[PDB]
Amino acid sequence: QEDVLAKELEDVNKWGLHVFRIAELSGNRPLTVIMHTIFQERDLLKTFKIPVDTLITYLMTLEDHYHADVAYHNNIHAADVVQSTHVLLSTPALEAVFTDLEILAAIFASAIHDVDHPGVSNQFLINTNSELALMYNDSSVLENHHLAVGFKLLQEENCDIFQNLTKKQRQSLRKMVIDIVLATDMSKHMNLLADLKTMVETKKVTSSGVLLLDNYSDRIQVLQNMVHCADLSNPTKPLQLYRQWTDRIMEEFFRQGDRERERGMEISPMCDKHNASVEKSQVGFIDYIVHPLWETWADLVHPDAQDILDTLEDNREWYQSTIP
């Protein structure tokens, strides 16, 4: 069985790795095994002197703090975003662009970006006067919490995977991870996309064709939209993967809508299981969010992402075709 798992983990560089099998094959440890595999693939343990037992211990603690009883925002989603970010980092148009520390930041940020998600939206947490919303003053409530939890777990026993980074290295990594995870809040998406469009329109490259990033502002914005793309990459995956993601997000949305209905609150969009159009919501999701973003990212790394954009447009047509 580890033989099969080890074979499925050979695909870790491929879009459309079957992350759900890896979840089953790994005993519901997709985040640990995929993270461990990717760190070995990128030689990160050696570059940053990460003891392997420390890495495993942190990853398993971190994975434990995703909710097994939340349908979408769980450790499988975390593993999938880690692995999608890992592929996006390897695109030819970005070769030698980012430092090891920046690569570490983006992969780490992807691993922690939804930890301890309770399965309800920011607006729900605000409207129900939750402790989370009270702590974080209604601003990117979930995303601030994911960060706090992700960094806090580094202090548990034998969990500081960054123990051998220099002081300046940790400082920079910490700031970069915060900037990246706060960018996963959808309230930031329009401004993020506008900057990405502006960068594409004014795009600069080097002699060897690779993207040229002069300054922190441009470098972090690319890493922010990269992880954001990976977060919104479900409709770009092979359809049998996409559809299982759609099942999971809709079940989590419906359960929030049930709570909203129990409390006499207005039901959030797409959360009313008695008035839901799964298919229409996926088409609108693609048309108004995912395709605008992925089309702009494809422009940035053209033509590296042509196949991923083709898949997204095929999946959009397929969900559209299923509207009665």
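Heads up: residue numbers just count along the shown sequence, starting at 1. Heads up, when I say rigid core I mean the largest set of C-alphas that superpose within 1.5 Å between the two forms.
Across the superposed structures in 9 other deposited structures of this protein, aligned by the core, the stretch whose Cα atoms lie more distant on average is 262-270, chosen from 288-296 and 262-270.
Gaps at residue 207 occur in at least a third of the other compared entries of the protein that contain both adjacent residues. On average the C-alpha atoms of 123-131 have higher B-factors than those of the other stretch, with 220-228 and 123-131 being the two compared.
Stretches 87-95 and 110-118 differ in mean C-alpha B factor, with the higher average recorded for 87-95. Remark: of 183, 205, 141, 79, 205 shows the highest value [criterion: C-alpha B-factor in the PDB entry].
The top Cα temperature factor in the record, among 169, 233, 246, 155, falls on 155. Among the modelled residues of its chain, residue 270 has a C-alpha B-factor that falls in the highest third, as given in the PDB entry. Looking at the C-alpha B-factors along this chain, the one for residue 301 belongs to the highest third.
Residue 287 sits in the middle third of its chain by CA B factor, as recorded in the PDB entry.
Remark: residue 239 belongs to the lowest third of its chain, ranked by C-alpha B-factor as recorded.
Ranked by C-alpha B-factor against the other modelled residues of its chain, residue 174 falls in the lowest third.
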